[PDB]
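> my sequence and its experimental structure, below.
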Amino acid sequence: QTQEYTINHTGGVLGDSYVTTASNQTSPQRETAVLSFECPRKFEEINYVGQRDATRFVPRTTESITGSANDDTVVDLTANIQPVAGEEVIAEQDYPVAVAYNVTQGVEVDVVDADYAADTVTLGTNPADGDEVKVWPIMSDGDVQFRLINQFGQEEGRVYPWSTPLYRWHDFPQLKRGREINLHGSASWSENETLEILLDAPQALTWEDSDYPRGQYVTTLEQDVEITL
Amino acid sequence: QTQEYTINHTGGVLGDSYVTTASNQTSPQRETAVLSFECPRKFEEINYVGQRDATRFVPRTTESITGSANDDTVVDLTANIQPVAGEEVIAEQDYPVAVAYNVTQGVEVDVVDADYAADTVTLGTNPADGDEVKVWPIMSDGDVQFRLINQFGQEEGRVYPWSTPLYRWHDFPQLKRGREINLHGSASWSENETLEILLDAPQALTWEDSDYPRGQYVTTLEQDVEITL
Amino acid sequence: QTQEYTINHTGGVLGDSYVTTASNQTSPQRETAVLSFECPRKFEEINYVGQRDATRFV
Amino acid sequence: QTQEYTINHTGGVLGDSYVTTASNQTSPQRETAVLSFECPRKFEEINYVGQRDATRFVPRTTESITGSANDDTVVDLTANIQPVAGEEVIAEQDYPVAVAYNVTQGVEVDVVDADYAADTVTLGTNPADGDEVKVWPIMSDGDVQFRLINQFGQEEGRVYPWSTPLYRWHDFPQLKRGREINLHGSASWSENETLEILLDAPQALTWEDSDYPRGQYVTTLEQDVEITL
Amino acid sequence: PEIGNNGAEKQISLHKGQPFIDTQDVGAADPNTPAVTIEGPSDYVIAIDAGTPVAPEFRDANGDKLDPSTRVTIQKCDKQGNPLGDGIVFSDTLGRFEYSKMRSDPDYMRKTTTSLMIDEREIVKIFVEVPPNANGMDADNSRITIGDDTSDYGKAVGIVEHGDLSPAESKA
Amino acid sequence: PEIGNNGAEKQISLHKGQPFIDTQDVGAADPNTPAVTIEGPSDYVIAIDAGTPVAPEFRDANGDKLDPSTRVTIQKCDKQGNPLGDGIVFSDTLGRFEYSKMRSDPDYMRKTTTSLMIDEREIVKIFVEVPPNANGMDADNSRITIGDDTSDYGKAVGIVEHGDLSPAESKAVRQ
Amino acid sequence: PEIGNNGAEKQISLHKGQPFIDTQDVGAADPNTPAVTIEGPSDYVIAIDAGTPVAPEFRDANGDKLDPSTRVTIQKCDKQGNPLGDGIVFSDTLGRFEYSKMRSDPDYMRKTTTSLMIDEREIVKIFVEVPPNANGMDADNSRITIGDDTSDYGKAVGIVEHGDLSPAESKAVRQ
């Protein structure tokens, strides 16, 4: 009867219809709904348990600059920054804190290091004047949470009262049992009822850019759940 | 009544007077006294226990070279060398095995790697001819030990007969419980009585240079103790 | 055994060593420590009682 | 009575006579016998147990190229390739995946990296035209197994039916208890009876080259056994 | 010479270079196509316990890892290549392995969820879901491994010859 | 929809971005102030067990770690910023954490010494002793964390609404 | 002052810079000699348990590691440099240590096979087998260490003064 699956921000067991993504909002700090999963017709019910079900959620943002004659090799940012689980070094991390891509030169761009104290990052390359650039740094200073919807956009409850910060979420090394993250709360729902994963943070996150090298979908969520067939 | 403090090679709970430092001796291999702590007037007594009290002791040495027209980028040494707890890589270590500083160019100097087999180390930069240099590599091939003094320069006993090698001291990754170092012996003393920390090794260690970037005091000791107020 | 003395911001029964003075701080309003008295080696103990012991601080 | 020794592809407790080595065959894929150990006169018996006795076996091959005017800095290979336990980086491995030596310039040759997907490897140096070269890359795509011989070249049985691939053998990090390799089967023999270690793979391995820097004997085997005096 | 009569329940592992296994290239958005097929040999019985390690190491044709949003699903099948809902195990994502230390580390070692069994003629498939506008799988560089022989950590795949034990038919 | 009636003794953790916590910069040779102040919210009760993890991760304004001879002291207080000797916990040095793996590793995870409790209106302070001729603390980059939610290792901070339980007042008087 | 009356069974380790140990250079294809000799001091008794760590870290004169096909063998001897087959321990290859992390890591920490004891006047030798056409050993840089003091991991070498205990002679005869 019961199984233990993973569910992702796209498709998976659902089929890309009863998922929906969305960005947050910047100027009004508000508890937006960045993702939501609706139980399809075919399942009987879905469960969700804390301290039983593992999780992963790698968000990012997007920013841009303008090429100049001066040898920049460094860019400021609008988002608080830190390393992935802490380290000054690049390529030792579980994943890159930041990625950069040049529109003109359709190539990746490495990263040397950064201050990780102020909103700063180094670039290893020397961008030319007029060249367009994009960057997908780490995100910080946010809160994440869950809530349930009974088919109508009509809340009935909340999985767990207190929000967990995405900041801390990046801080812990993920994907290690014993050190794996496990939120609290014990939810369950049935056909056409929705779980919404909600965000409260200033910086504008992303889901799709169509010019990101390390995979198509920039960010990701991967959550464990229990299903009754 | 009782507490568990740390004590350092400077000041701390004592006040920089009832500490004293000293270098070793090179040509006569002798059990010098590199550090010593005298119990001040105000305390009642001090205790010291093995397998209870943690410890740290990072020593180094000093050497110098002379700039030349030829692109050196490597220097030999007079001290046996190894990595900090073992690794070929730099900046992964708990701390740098070696530091270098140029007198003319008042800047740090990075390190690439080294052979770690013979008395060798690489430099990443290209020193100029005539430029003066200093280097503070790791130290090796030594022994450390303890002894007590009853106010007079007059020994009464020895904490633990057998010396532990500083070589091994560097080899273990420090500051990890379970892997933390804990010597043996159970000592205790009272007012104006001294504990001397002694060294037996060839190479000339240091305590102060006034031109070392990573802090003022080059070497360090940090020991746990128990105190009766 | 017991006596009733006065103690001052300098010397007195102590000897100018186990006193210490200090100024306050202006921009961060903080509970600074402007004076302090350390019981010397020679005494046995010191007491202090309210509604028993007078005071002055100019 | 009983001890726990190591035995090697040369000498050791035996004496270099009752060992024998041999290469494999290439065009007819056949279960050759690359090594064999004959119990000497002096012992009483030898035992061998799986999940009790550790093991190591580092094989390689040999190939050659021809110097050219063009700056090669890369060579293809005839053997499937991967890193030592996996990593893109060189000098972090438990041992080098590949070694190269120039006949003219009697010196080692470092390695930068490789694709590790196709039969490819990079060279850090710039070989000259006409210079002769040798290379001893990792080996892959093979099977290893055991069998016993009763003094006559006349098999009686087989230690364990199913072969283990040398590919996997390289994949696991060796020499770690818990992660150490331990085959299956429980064999035992007596005076002048032989254990043959057999190979089934295309590429021509080696045992001796007389021009290999990192030791004389290129490949190696080191197996644990139990002996009755 | 002397060899010990090892137990019939032999401890084994699966990989590409075997006869009763096969693979085939995959493009993009192709769930129904199995990247890898396994079949029970004749007169043998395979057993995969619930705490069995799992280890796919797929690649791109250029020698790269694929989009970690990609999904992998091991799944048992009835005969005639027919899948089943029950008995499935290891519905995981292609990311979050760290292939460098994956088999190396008991931490990175991802295990299955529930037990499993393979009667003499049965099938187990490995479906893959790649998002579109991505690179395809290359069979020359891809690989599967399951079970953990040769390590005190992890579990191993049990195998037995059907013709030895009498209640093997009852267990099947 | 269905949600489970989770127990009142909720398992939580503390950090900078909360209302009932505050911080402010610190200079040098400067014990008396709380670099970080905590206060009990209204009609709640917080509980910190003895095996509770602790994790200060202070910084310098330029983005560096400070002199490891620096000292940190958590300390309970009576109301009115009035400290108390008993009930003090976590008198530690600023060194010997290895902030990289500190919370991450149960080894590096430094726990408290004794139990602790916070009645509805009480204070817990975090004093810092920096040696002179050193750099000061910068509140933008500093941080405290205590308790270990979201991990089989470590413990978590208990919380309960005072209005729910009847012996909440009894435990408050018990301290 | 006060010192604790530590037990007679003291926990110790061996290394080059001691009086009751010695070494000397070695060439190639050269089994018979002890590269390193150990001897029991007078009126003492050394004990080496079966789970004792071992750590040879030999070198070449130019400062390199040798051919890992090289072999090391610790071996007990009767008096007079007279080896014995029984009681041998640690027949290992010179490779497969990873000297960088060898003592450091309990994984890499290679232990002995069986127990061992050294009566007051006895010998333990360390023979080395280098294949020919290889570089020789250099005593200036070589080293042995056995036992693991100063770590919760590993074991330590026991020592006792023979004159203290009465059954010291009984254990000596027991071997």
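Yes, it's here. Numbers count the residues shown, from 1 in each chain, chains lettered A, B, ... in the order given.

> give me the most central residue, chain A.
residue A:59 (2.2 Å; CA atoms, centre = their mean).

> what ranges does chain E have for its strands?
E:2-3, E:10-12, E:21-23, E:34-39, E:44-48, E:53-56, E:71-78, E:82-83, E:89-93, E:110-111, E:116-118, E:123-129, E:144-146, E:157-161 (DSSP state E).

> export those strands as a markdown table, with columns for mean neighbour count and distance to residue D:21.
(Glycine included, C-beta is placed from N, CA and C.) A markdown table is the format used below for those (neighbours: other CB atoms under 10 Å in any protein chain shown; distance: least, CB to CB, whole Å):
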| stretch | mean neighbour count | distance to residue D:21 |
| --- | --- | --- |
| strand E:2-3 | 17 | 24 |
| strand E:10-12 | 18 | 29 |
| strand E:21-23 | 16 | 33 |
| strand E:34-39 | 21 | 37 |
| strand E:44-48 | 21 | 36 |
| strand E:53-56 | 22 | 34 |
| strand E:71-78 | 20 | 42 |
| strand E:82-83 | 12 | 51 |
| strand E:89-93 | 21 | 43 |
| strand E:110-111 | 16 | 40 |
| strand E:116-118 | 19 | 40 |
| strand E:123-129 | 21 | 41 |
| strand E:144-146 | 20 | 30 |
| strand E:157-161 | 18 | 33 |
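
> picking up where we left off before, give the contact list for the residue nearest to the centre of chain A.
Residues in contact with residue A:59 (CB atoms under 8 Å, 6 or more residues apart in numbering or on different chains) are A:139, A:142, A:166, A:205, A:219.

> likewise residue E:104?
Shown in contact with residue E:104 (CB under 8 Å, 6+ apart): D:85-86, D:172-173, D:179.

> before we move on, the earlier item: the residue nearest to the centre of chain A and residue A:97: what is the separation?
Counting by CB to CB, to the nearest Å, the gap from residue A:59 to residue A:97 is 12 Å.

> ok, now residue E:163?
To residue A:97, residue E:163 is 58 Å away according to CB to CB.

> between those two, which has more neighbouring residues?
Remark: of residue E:163 and residue A:97, residue A:97 carries more neighbours, 22 against 10, as counted by other CB atoms under 10 Å in any protein chain shown.

> my read: that one touches residue A:79, true?
No - Residue A:97 lies out of contact with residue A:79 (CB atoms under 8 Å); the separation is 11.1 Å.

> shared neighbours of those two, anything?
Common contact partners of residue A:97 and residue A:79 (CB under 8 Å, 6+ apart): A:137-138.

> center of chain E - which residue?
Central residue of chain E (CA atoms, centre = their mean): residue E:146, 5.1 Å from the mean position.

> bridged to that one, which residues?
residue E:14, residue E:54 (DSSP bridges).

> assess the claim that it and residue E:14 are in contact.
Yes - in this structure, residue E:146 is within contact of residue E:14 by CB under 8 Å, at 5.1 Å.

> got any residues that touch both of these two?
Residues touching both residue E:146 and residue E:14 (CB under 8 Å, 6+ apart): residue E:157.

> which residues are in contact with residue A:161?
By CB under 8 Å, 6+ apart, the contact list for residue A:161 reads residue F:10.

> element containing it, please.
Using DSSP states H and E, residue A:161 falls within no helix or strand.

> roughly how far apart are it and residue F:19?
In this view, residue A:161 and residue F:19 are 14 Å apart by CB to CB.

> now residue 13. Nearest residue, chain neighbours left out?
Picking chain A for this. Nearest residue to residue A:13 in three dimensions, chain neighbours excluded: residue A:5, at 6.1 Å (CB to CB, 6 or more residues apart in numbering or on different chains).

> not quite, I wanted chain E
Closest residue to residue E:13 apart from its sequence neighbours, by CB to CB, 6+ apart: residue E:147 at 3.8 Å.

> and the gap between that neighbour and residue E:66?
For residue E:147 relative to residue E:66 (CB to CB), the value is 24 Å.

> look up which residues are beta-bridged to residue E:48.
For residue E:48, the beta-bridge partners under DSSP bridges are residue E:116.

> kindly apply the preceding question to residue E:37 instead.
Beta-bridge partners recorded for residue E:37 (DSSP bridges): residue E:22, residue E:125.

> that one reaches residue E:139, doesn't it?
No - taking contacts as CB under 8 Å, residue E:37 lies outside contact range of residue E:139: 11.8 Å.

> and chain A, which residues reach chain E?
Proximity of chain A to chain E is confined to A:3-6, A:8-13, A:56, A:94, A:174-177, A:210, A:215-217, A:220, A:222, A:229 under the rule CB under 8 Å from any CB of the partner chain.

> which of the residues you listed fall in helices?
Assigned to helices by DSSP state H, none of those qualify.

> now the buried members of these.
Taking 16 or more other CB atoms under 10 Å in any protein chain shown as the criterion, what is buried in those is A:3-6, A:8-13, A:56, A:94, A:174-176, A:215-217, A:220, A:222.

> and the residue of chain E at minimum distance from chain F, how many residues sit next to it?
In chain E, the residue that lies nearest chain F is residue E:107 (12.3 Å; CB to the nearest CB). By other CB under 10 Å, the residues close to residue E:107 number 16.

> contacts only, for it.
A:176-177.

> the one 10 residues further on too?
Under the criterion of CB under 8 Å, 6+ apart, the contact list for residue E:117 reads E:45-48, E:172.

> wait, which of those is closest to residue B:25?
Nearest to residue B:25 among those: residue E:48, at 67.9 Å, using CB to CB.

> the closest one and residue E:71: what is the separation?
Separation of residue E:48 from residue E:71 (CB to CB): 20 Å.

> repeat that for residue E:171.
Separation of residue E:171 from residue E:71 (CB to CB) stands at 32 Å.

> cool, and residue A:56?
Using CB to CB, we find residue A:56 at a distance of 14 Å from residue E:71.

> residue in chain A nearest to chain C?
Closest contact between chain A and chain C, by CB to the nearest CB, is at residue A:117 (23.0 Å).

> name the nearest residue to that residue, sequence neighbours excluded.
Nearest residue to residue A:117, sequence neighbours excluded (CB to CB, 6+ apart): residue F:63, at 2.6 Å.

> hmm, residue E:22 and residue E:35 touching each other?
No - counting by CB under 8 Å, residue E:35 does not reach residue E:22; the two are 10.0 Å apart.

> who touches residue 139 in this structure?
Using chain A here. Neighbouring residues of residue A:139 by CB under 8 Å, 6+ apart: A:59-61, A:79, A:166, A:170, A:201, A:203, A:205.

> nope, chain E
Counting by CB under 8 Å, 6+ apart, residue E:139 touches E:23-25, E:35.

> swap the cut-off to 10 Å and go again
Taking CB atoms under 10 Å, 6 or more residues apart in numbering or on different chains, we find residue E:139 in contact with E:16, E:22-26, E:35-36, E:58-59, E:61.

> what do you get for residue A:113?
Going by CB under 10 Å, 6+ apart, residue A:113 touches A:83, A:88-90, A:120-122, A:124, B:91.

> now do 6 Å
By CB atoms under 6 Å, 6 or more residues apart in numbering or on different chains, the contact set of residue A:113 is residue A:122.

> quick check: it is in a strand.
No - checked against DSSP: H, G, I helix; E, B strand; the rest coil, residue A:113 lies outside a strand; its state is coil.

> wait, the residue nearest to residue A:13 sits on residue E:91?
Yes - here residue A:5 reaches residue E:91: they are 4.7 Å apart, a contact under CB atoms under 6 Å.

> rewinding a little: what is the neighbour count of the residue nearest to residue E:13?
As a burial measure, residue E:147 scores 23 neighbours (other CB under 10 Å).
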